[PDB]
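Read through the structure below, which is laid out as C-alpha cells, and then see the notes.
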Amino acid sequence: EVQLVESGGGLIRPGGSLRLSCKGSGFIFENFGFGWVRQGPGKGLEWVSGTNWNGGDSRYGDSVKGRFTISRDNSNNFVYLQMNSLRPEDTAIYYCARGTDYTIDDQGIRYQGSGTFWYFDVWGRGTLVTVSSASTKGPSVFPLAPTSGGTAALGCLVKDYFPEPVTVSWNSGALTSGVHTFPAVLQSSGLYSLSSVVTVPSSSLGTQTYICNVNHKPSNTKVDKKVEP
Amino acid sequence: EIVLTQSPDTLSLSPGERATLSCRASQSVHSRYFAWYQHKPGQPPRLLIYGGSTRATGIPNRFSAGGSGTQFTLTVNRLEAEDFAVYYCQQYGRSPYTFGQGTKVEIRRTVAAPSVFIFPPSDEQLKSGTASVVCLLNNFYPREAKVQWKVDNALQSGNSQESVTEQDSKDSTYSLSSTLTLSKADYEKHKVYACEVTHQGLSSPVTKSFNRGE
C-alpha cells in the first residue's frame, strides 16, 4: 500500500529544463517531509533537496542551489523537483524519498505530525535523467574472435551508441549459460561502449556457429554478427 | 560543508560473520543526527538507522549503530545474504545534509583464478577506422586483479578502461574487461600486443598476447 512513484525522467540537452514528479500513496502525505537524492553513474548517493511538511522550509545541495526547486501539492499528494540549467554532471538516477513525520525545536521539544527531511524511510524506485549534447546513434557491432580455464571465449564489441541502453543476446537467445555483458562505459566522445562475451568449449568451435543479436531501440537498430575463429 | 569518509572501502565476509562500518565526519556532529542506509544494485536504498542508534521500522536487532563527534559506526552482528550490499552513512547535524562515499560488503568465497583471453581489433572495426583491443578476465575471486597492457613491450598508461560485472548471484565471482583504445594509425605502427594479469589464484602473472597480422 505505501508507495512513492516517480515520473518525468529522460534525455535533455545541457541548458535545458526538466520536471520530476513523485506521487505518494498509502500514508498521510501532509504529515511528512520529502526529499530528492541522486546517484550518478558509478557514483554514490548525493543529497539534492528536501522540504518539510508544509513546504515552509526547503533546502538544497551545494551543487544544485539556484538551479533546482522543490515543491509540493498536499492536496493531490505530489512532490516535484524543477530542474533548470541542466549540466552533464547532473546525469543520474533521481530518487524521490519520504522524510520524517515529526521535528524537534531548538528547545528539544518534539512536534508529532510536523515532518521534515532529516533522513528518508521510504524510497521511490528512481527515474533516470540524462544530460548530454550527443546525438542519438546506433552501435557498430564488432566480433571478438577466439584456451584458458579449459574453454574458449568470444563476444561482440558494441561500440559508439547513444543513448543507452542496448540489449545483447546470443544465437537468437537460447544461450544464457556463461554469458557476461559488461556495464557500458561512456567514452570521451560522449558515446557509450560495451562488450558482451561468452565462454564455450574449444572442440565445439568448428561444429557450431555463434551470433550475437544486438538491439538498440532508441535508434531502432538491430544487428546480428557471426564470430569466426 | 561536512564531508563524511567511510572505511574500510570494502569488506569480504561470509554469513554469520560480523561487519563493522566506520564513518569519519570532517566536523563534530552530535550523536543523534546520523543515519545509515543499505543499497543493493537495482533496488531503492533502505533506511537502517536514524537518530544515531535507533533501528528503523522492520529492521532486526542484529543491526546496531552509534558514535559521536567525528566517528560513527554501524555493526551488522551476524550477516545474512541480503546484507551483502553497499552501506552509506548520512549526517543531518548541519545543512547541506551529506552522505559518505559508501563501503561495500561483498561475499567471501574460495579463491578462483581468472580465465584470461585477449581479442585483437576485428577486420570490420579496422575497415571503419578505429582499433580496440580487449582483455577478458572471466569468473575470478577475489576482486583485486592488476591488468597491464604492453605494446611492443612498452607499458601502456592512460589508454585503457576496465569494466566489471556485479558479483555473480550463483557463484560469487567477478568478470572484468580491459579495453585498450588506439588510433588505427598507431595500431598499425606496432606488432606485439599483450595483457598481463596478476591475481591471487595464479601462481605468477599470466600474459596473453598476439602479433598483429598473425
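Ligands are numbered from 1 in the order shown, residues from 1 within each chain, and chains are lettered A, B, ... in the order they appear in the C-alpha cells.
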Got a sec: who's within 10 Å of residue 187 of chain B, counting only C-alpha atoms, leaving out chain neighbours fewer than 3 positions off, as a short mmCIF file (atom, residue, chain, number, x, y, z; two decimals) with N, CA and C atoms, in the first residue's frame?
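Printed below is part35.cif as written:
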data_model
loop_
_atom_site.label_atom_id
_atom_site.label_comp_id
_atom_site.auth_asym_id
_atom_site.auth_seq_id
_atom_site.Cartn_x
_atom_site.Cartn_y
_atom_site.Cartn_z
N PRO B 121 41.81 -6.21 -32.43
CA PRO B 121 40.83 -5.49 -33.27
C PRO B 121 40.31 -6.36 -34.43
N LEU B 126 38.49 -2.28 -38.03
CA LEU B 126 39.62 -1.64 -38.69
C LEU B 126 39.14 -0.94 -39.97
N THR B 130 38.65 2.50 -36.63
CA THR B 130 39.08 2.51 -35.23
C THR B 130 39.74 1.18 -34.81
N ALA B 131 40.40 1.19 -33.65
CA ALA B 131 41.10 -0.01 -33.13
C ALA B 131 40.97 -0.21 -31.61
N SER B 132 40.24 -1.25 -31.21
CA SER B 132 40.09 -1.62 -29.79
C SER B 132 40.65 -3.02 -29.50
N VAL B 133 41.46 -3.13 -28.46
CA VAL B 133 41.98 -4.43 -28.09
C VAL B 133 41.32 -4.75 -26.75
N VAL B 151 52.52 -2.84 -25.44
CA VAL B 151 52.52 -2.78 -26.89
C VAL B 151 53.96 -2.72 -27.34
N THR B 181 42.33 1.34 -26.18
CA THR B 181 41.87 2.09 -27.34
C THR B 181 43.03 2.81 -28.03
N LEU B 182 43.23 2.50 -29.31
CA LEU B 182 44.30 3.09 -30.11
C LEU B 182 43.76 3.65 -31.44
N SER B 183 44.43 4.67 -31.99
CA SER B 183 44.13 5.07 -33.35
C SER B 183 44.50 3.90 -34.25
N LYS B 184 43.90 3.78 -35.43
CA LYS B 184 44.29 2.71 -36.33
C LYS B 184 45.73 2.97 -36.71
N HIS B 190 52.68 -0.88 -34.57
CA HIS B 190 53.29 -1.83 -33.65
C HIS B 190 52.87 -3.27 -33.95
N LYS B 191 53.62 -4.21 -33.37
CA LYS B 191 53.49 -5.63 -33.64
C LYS B 191 52.88 -6.45 -32.47
N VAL B 192 53.53 -6.46 -31.31
CA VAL B 192 53.11 -7.36 -30.25
C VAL B 192 52.17 -6.68 -29.25
N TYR B 193 51.07 -7.33 -28.94
CA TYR B 193 50.10 -6.75 -28.02
C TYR B 193 49.86 -7.71 -26.90
N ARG B 212 50.28 -8.66 -34.33
CA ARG B 212 49.36 -8.13 -35.30
C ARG B 212 49.59 -8.89 -36.61
#
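Residues in contact with residue 8 of chain A at up to 8 Å, not including ones fewer than 3 positions away on its chain and judged by only C-alpha atoms, are residues 18, 19, 20, 21 and 127 of chain A.
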Filtering to N, CA and C atoms, could you give me those residues as a compact mmCIF listing (two decimals), in the first residue's frame?
# COMPACT_ATOMS: atom_id res chain seq x y z
N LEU A 18 13.85 20.27 -16.84
CA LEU A 18 13.12 19.04 -16.67
C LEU A 18 12.44 19.09 -15.32
N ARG A 19 11.28 18.44 -15.26
CA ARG A 19 10.49 18.47 -14.04
C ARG A 19 10.21 17.06 -13.56
N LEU A 20 10.52 16.78 -12.31
CA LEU A 20 10.29 15.43 -11.80
C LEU A 20 9.10 15.47 -10.86
N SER A 21 8.32 14.41 -10.87
CA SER A 21 7.11 14.30 -10.06
C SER A 21 7.17 13.03 -9.25
N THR A 127 14.06 7.62 -11.06
CA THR A 127 13.92 7.85 -12.50
C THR A 127 15.23 8.38 -13.06
What lies within 12 Å of residue 113 of chain B using only C-alpha atoms, ignoring chain neighbours under 2 positions off, as a ChimeraX atom specification? /A:148-149 /B:110-111,115-116,137-145,173-175,197-206
Enumerate as a PDB file with C-alpha atoms, in the first residue's frame the residues belonging to chain B that approach chain A to within 9 Å, with only C-alpha atoms taken into account.
ATOM      1  CA  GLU B   1      30.046  21.612   4.479  1.00  0.00           C
ATOM      2  CA  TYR B  33      21.871  13.461  13.903  1.00  0.00           C
ATOM      3  CA  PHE B  34      23.103  10.458  11.965  1.00  0.00           C
ATOM      4  CA  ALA B  35      21.500   7.812   9.724  1.00  0.00           C
ATOM      5  CA  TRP B  36      22.634   4.705   7.819  1.00  0.00           C
ATOM      6  CA  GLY B  42      18.699  -2.314  -8.917  1.00  0.00           C
ATOM      7  CA  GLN B  43      16.748  -1.527  -5.752  1.00  0.00           C
ATOM      8  CA  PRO B  44      15.930   1.613  -3.800  1.00  0.00           C
ATOM      9  CA  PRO B  45      18.184   2.419  -0.824  1.00  0.00           C
ATOM     10  CA  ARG B  46      16.791   1.239   2.532  1.00  0.00           C
ATOM     11  CA  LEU B  47      16.933   3.155   5.859  1.00  0.00           C
ATOM     12  CA  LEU B  48      18.607   1.085   8.630  1.00  0.00           C
ATOM     13  CA  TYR B  50      18.255   7.032  12.364  1.00  0.00           C
ATOM     14  CA  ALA B  56      14.174   1.879  11.539  1.00  0.00           C
ATOM     15  CA  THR B  57      10.822   0.066  11.363  1.00  0.00           C
ATOM     16  CA  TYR B  88      26.152   4.699   3.385  1.00  0.00           C
ATOM     17  CA  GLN B  90      24.395  10.292   6.351  1.00  0.00           C
ATOM     18  CA  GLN B  91      24.645  13.282   8.679  1.00  0.00           C
ATOM     19  CA  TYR B  92      21.809  15.731   9.356  1.00  0.00           C
ATOM     20  CA  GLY B  93      23.628  17.806  12.012  1.00  0.00           C
ATOM     21  CA  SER B  95      22.807  21.667   6.153  1.00  0.00           C
ATOM     22  CA  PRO B  96      23.597  20.659   3.495  1.00  0.00           C
ATOM     23  CA  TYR B  97      22.928  17.146   4.637  1.00  0.00           C
ATOM     24  CA  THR B  98      25.552  14.792   3.152  1.00  0.00           C
ATOM     25  CA  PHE B  99      26.309  11.120   2.576  1.00  0.00           C
ATOM     26  CA  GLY B 100      29.528   9.125   2.971  1.00  0.00           C
ATOM     27  CA  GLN B 101      31.027   7.584  -0.207  1.00  0.00           C
ATOM     28  CA  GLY B 102      29.827   4.066   0.661  1.00  0.00           C
ATOM     29  CA  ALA B 113      41.828 -17.740 -10.834  1.00  0.00           C
ATOM     30  CA  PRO B 114      40.591 -15.767 -13.875  1.00  0.00           C
ATOM     31  CA  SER B 115      40.369 -17.470 -17.237  1.00  0.00           C
ATOM     32  CA  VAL B 116      42.167 -14.874 -19.375  1.00  0.00           C
ATOM     33  CA  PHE B 117      41.589 -14.086 -23.061  1.00  0.00           C
ATOM     34  CA  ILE B 118      42.840 -11.435 -25.482  1.00  0.00           C
ATOM     35  CA  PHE B 119      40.974 -10.291 -28.603  1.00  0.00           C
ATOM     36  CA  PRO B 120      42.644  -8.232 -31.314  1.00  0.00           C
ATOM     37  CA  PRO B 121      40.832  -5.494 -33.267  1.00  0.00           C
ATOM     38  CA  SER B 122      38.440  -7.056 -35.827  1.00  0.00           C
ATOM     39  CA  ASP B 123      38.756  -6.532 -39.571  1.00  0.00           C
ATOM     40  CA  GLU B 124      35.381  -4.781 -39.561  1.00  0.00           C
ATOM     41  CA  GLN B 125      36.316  -2.194 -36.929  1.00  0.00           C
ATOM     42  CA  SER B 132      40.085  -1.621 -29.792  1.00  0.00           C
ATOM     43  CA  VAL B 134      40.047  -6.283 -25.378  1.00  0.00           C
ATOM     44  CA  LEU B 136      38.838 -10.563 -20.667  1.00  0.00           C
ATOM     45  CA  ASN B 138      36.487 -14.400 -16.538  1.00  0.00           C
ATOM     46  CA  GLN B 161      39.362   1.376 -19.297  1.00  0.00           C
ATOM     47  CA  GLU B 162      38.151  -1.511 -17.123  1.00  0.00           C
ATOM     48  CA  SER B 163      34.546  -2.634 -16.696  1.00  0.00           C
ATOM     49  CA  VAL B 164      33.489  -5.204 -14.101  1.00  0.00           C
ATOM     50  CA  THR B 165      30.311  -7.156 -13.506  1.00  0.00           C
ATOM     51  CA  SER B 175      34.389 -10.937 -14.603  1.00  0.00           C
ATOM     52  CA  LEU B 176      36.258  -7.988 -15.985  1.00  0.00           C
ATOM     53  CA  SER B 177      37.134  -6.457 -19.351  1.00  0.00           C
TER      54      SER B 177
END
Could you please determine the separation between atom CA of residue 24 of chain A and atom CA of residue 1 of chain A in Å, to one decimal place?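 Calculated distance between atom CA of residue 24 of chain A and atom CA of residue 1 of chain A is 10.1 Å.
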Quick one: everything within 6 Å of residue 192 of chain A, counting only C-alpha atoms, minus sequence neighbours fewer than 6 positions away in the same chain. Send it as an MDAnalysis selection string. chainID A and resid 160:161 185:186
Could you give me, as a ChimeraX atom specification, each residue of chain A that DSSP assigns to strand (DSSP E or B) when run on this structure's backbone? /A:3-7,10-12,18-25,34-39,45-51,58-60,68-73,78-83,92-98,102-104,110-112,122-123,127-131,137,140-144,148,151-162,167-170,179-181,185-186,192-200,211-216,221-226
Counting only C-alpha atoms, the residue of B:146, B:18, B:30, B:94 that sits nearest residue 71 of chain B: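 Among the listed residues, the smallest separation from residue 71 of chain B belongs to B:30.
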Find the spatial neighbours of segment 65-68 of chain A, counting only C-alpha atoms, within a cut-off of 7 Å - ignore same-chain residues fewer than 6 positions away - and output them as a list in words.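 My list of contacting residues is residues 81, 82, 83, 84 and 85 of chain A.
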Using only C-alpha atoms, the best pick from B:55, B:189, B:109, B:208 as closest to residue 172 of chain B would be B:109
Where does DSSP see helix (DSSP H, G or I) in segment 16-115 of chain A, if you list the residues as a PDB file with C-alpha atoms, in the first residue's frame?
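See states_12.pdb below for the written result:
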ATOM      1  CA  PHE A  29       1.110  12.650   2.945  1.00  0.00           C
ATOM      2  CA  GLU A  30       0.582  16.010   4.627  1.00  0.00           C
ATOM      3  CA  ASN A  31       2.469  14.899   7.802  1.00  0.00           C
ATOM      4  CA  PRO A  88      26.301  16.873 -17.937  1.00  0.00           C
ATOM      5  CA  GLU A  89      27.239  16.364 -14.267  1.00  0.00           C
ATOM      6  CA  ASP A  90      23.506  16.291 -13.349  1.00  0.00           C
TER       7      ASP A  90
END
So that I can check the surroundings of residue 114 of chain A, please list as a list in words every protein, DNA and RNA residue that reaches within 7 Å of it, counting only C-alpha atoms and ignoring chain neighbours fewer than 5 positions away. residues 31, 32, 53, 101, 102 and 103 of chain A
How would the residues just picked look written out with N, CA and C atoms as an mmCIF file, in the first residue's frame?
data_model
loop_
_atom_site.group_PDB
_atom_site.id
_atom_site.type_symbol
_atom_site.label_atom_id
_atom_site.label_comp_id
_atom_site.auth_asym_id
_atom_site.auth_seq_id
_atom_site.Cartn_x
_atom_site.Cartn_y
_atom_site.Cartn_z
ATOM 1 N N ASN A 31 1.660 14.899 6.555
ATOM 2 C CA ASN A 31 2.469 14.899 7.802
ATOM 3 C C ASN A 31 3.979 14.829 7.595
ATOM 4 N N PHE A 32 4.405 14.472 6.387
ATOM 5 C CA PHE A 32 5.799 14.069 6.154
ATOM 6 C C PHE A 32 6.569 15.138 5.374
ATOM 7 N N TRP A 53 6.942 19.476 5.973
ATOM 8 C CA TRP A 53 5.574 19.039 5.754
ATOM 9 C C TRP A 53 4.733 20.131 5.038
ATOM 10 N N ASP A 101 7.871 12.219 10.019
ATOM 11 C CA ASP A 101 6.594 12.850 10.357
ATOM 12 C C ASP A 101 6.685 13.572 11.719
ATOM 13 N N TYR A 102 7.883 14.032 12.085
ATOM 14 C CA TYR A 102 7.996 14.899 13.257
ATOM 15 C C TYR A 102 9.190 15.782 13.110
ATOM 16 N N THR A 103 9.323 16.680 14.054
ATOM 17 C CA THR A 103 10.509 17.506 14.099
ATOM 18 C C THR A 103 10.694 17.903 15.538
#
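Of note, atom CA of residue 12 of chain A and atom CA of residue 52 of chain A are spaced 28.8 Å apart.
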What's around residue 11 of chain B at 7 Å? Count only C-alpha atoms, leave out sequence neighbours fewer than 5 positions away in its own chain, and write the answer as a ChimeraX atom specification. /B:104-106
Deliver the residues from the most recent selection as a file, using N, CA, C and O atoms, as a CSV table (one decimal), in the first residue's frame.
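Produced file again.csv, reproduced below:
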chain,number,residue,atom,x,y,z
B,104,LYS,N,31.5,-1.2,0.6
B,104,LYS,CA,30.8,-2.4,0.0
B,104,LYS,C,31.1,-3.6,0.9
B,104,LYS,O,32.2,-3.9,1.3
B,105,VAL,N,30.1,-4.3,1.2
B,105,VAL,CA,30.3,-5.6,1.9
B,105,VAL,C,29.9,-6.7,0.9
B,105,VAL,O,28.8,-6.7,0.4
B,106,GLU,N,30.9,-7.5,0.6
B,106,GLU,CA,30.7,-8.5,-0.5
B,106,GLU,C,31.0,-9.8,0.0
B,106,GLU,O,31.5,-10.0,1.1
